[PDB]
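What follows is each chain in one-letter form.
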Amino acid sequence: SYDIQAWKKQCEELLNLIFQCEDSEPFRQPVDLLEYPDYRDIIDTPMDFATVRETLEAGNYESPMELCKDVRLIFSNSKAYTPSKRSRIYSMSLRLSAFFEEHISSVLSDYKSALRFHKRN
Ligand SMILES: O=C(Nc1ccccc1)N1CCN(C(=O)c2ccco2)CC1
């Protein structure tokens, strides 16, 4: 399976599944700075799934590793902002992270395999 471009639609489909997950609700749009006026004191680089989808659709990711770095930032920002590891939003983040990591592993493996095949000779 040596298609160098296949990751893009695989990531589109995975984002569609994440948007259907009730657990993505806190993370579908940029964090509410009116509700959380201290947010930017703690979070240097806000990230959300709508920003990830728009970056993908703009053609502004070169690899699935770059998309994976932005998705992981959503999960670290939620951890950086939680007052407790027993919070509803952080708890949703941990389940969604597990789901994402389970699904992204084959996308990354296939892509890196395809690049190695392209450079084989
Ligand atoms: O406002 C948010 N997101 C939103 C929701 C609806 C509309 C616009 C934006 N948030 C709150 C801050 N976040 C946290 O990860 C967190 C952990 C503990 C408390 O919040 C991210 C989601």
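For the structure itself, look to the data block above.
Within every chain, numbering proceeds from 1 in written sequence order, not necessarily in step with the numbering of the entry, and residues without coordinates do not appear. Excluding hydrogens and water, the side-chain figures rest on all heavy atoms present in the structure. Residues with missing side-chain atoms are left out of burial classes, side-chain pairs and their counts.

### Side note on the pattern of salt bridges
Here a salt bridge means any side-chain nitrogen of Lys or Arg lying within 4 Å of a carboxyl oxygen belonging to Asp or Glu. Scanning all chains against the criterion turns up two salt bridges. Across the salt bridge formed by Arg72 and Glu101, the nearest N and O atoms sit 2.9 Å from each other. In this pair, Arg72 is assigned in helix 4 (residues 64–81) and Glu101 in helix 5 (residues 88–118), connecting sequence segments 29 residues apart. Residue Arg72 is classed as partly exposed on the basis of its relative accessible area of 37%. A 1.4 Å probe rolled over the protein chains alone gives each residue an accessible area, and that area as a share of the maximum for its type sets the label: buried under 20%, exposed over 50%, partly exposed in between. Accessibility expressed as a relative area gives 30% for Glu101, which makes it partly exposed. By definition, any uninterrupted DSSP run of H or I lasting at least four residues is a helix, any uninterrupted run of E lasting at least two residues is a strand, and each is numbered from the N terminus.

### Comments concerning helix 4
Between its terminal C-alpha atoms helix 4 stretches 26 Å, which fits the 26 Å expected from 18 residues at 1.5 Å a residue. When helix 4 is considered as a whole, its buried residues turn out to be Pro64, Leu67, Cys68, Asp70, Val71, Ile74, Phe75, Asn77 and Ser78. Whether two residues are in contact is decided by their heavy atoms, any of which lying within 4.5 Å being enough. Among the structural elements, helix 1 (7–20), helix 2 (39–42), helix 3 (49–57) and helix 5 are those in contact with the buried residues of helix 4. By this rule the span expected of a helix is its residue count minus one, scaled by 1.5 Å.

### Some words on the layout of surface pockets
A 1.4 Å probe that fits but cannot get out identifies a cavity on a 1 Å grid over protein atoms alone, an open set with protein on both sides within 12 Å along at least five of seven lines counts as a pocket, and a residue lines either if it has an atom within 4 Å of a point. Grid points are joined across faces, edges and corners, and a volume is the space filled by probe spheres set on the points. Size it by volume and the largest pocket reaches roughly 470 Å³. Taken together, 23 residues form the lining of the largest pocket, with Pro26, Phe27, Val31, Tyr36 and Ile89 sitting closest to its centre. Contributing elements (two or more residues each) for the lining of the largest pocket: helix 4 and helix 5. Grouping the constituent residues of the lining of the largest pocket by class yields 13 nonpolar, five polar and five charged. For this classification, the nonpolar set comprises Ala, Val, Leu, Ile, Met, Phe, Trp, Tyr, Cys and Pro, the charged set comprises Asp, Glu, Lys and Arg, and every other residue, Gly included, is treated as polar.

### Looking at the site of the ligand
One heavy atom suffices: a residue is near a molecule or strand as soon as one of its heavy atoms comes within 4 Å of it. Every residue close to the ligand is listed here: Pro26, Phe27, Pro30, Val31, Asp32, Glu35, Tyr36, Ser78, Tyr81, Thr82 and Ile89. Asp32 is positioned such that a nitrogen or oxygen atom in its backbone is 3.3 Å from an oxygen atom of the ligand. One nitrogen or oxygen atom from the side chain of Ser78 is found 2.8 Å from an oxygen atom belonging to the ligand. To measure how exposed things are, a 1.4 Å probe is used in the Shrake-Rupley method; for residues, cover is taken only from the protein chains shown. Coverage of the ligand by the protein chains reaches 82% of its 490 Å² of free accessible surface. Taking a 2 Å distance to the grid points as the criterion, the majority of the atoms of the ligand fall inside the largest pocket. N or O atoms closer than or at 3.5 Å make up a polar contact, with two conditions inside protein: a donor-capable atom paired with an acceptor-capable one, and, for residues adjacent in sequence, both atoms drawn from side chains. To qualify as sitting in a cavity or pocket, a molecule needs more than half of its atoms within 2 Å of the grid points.

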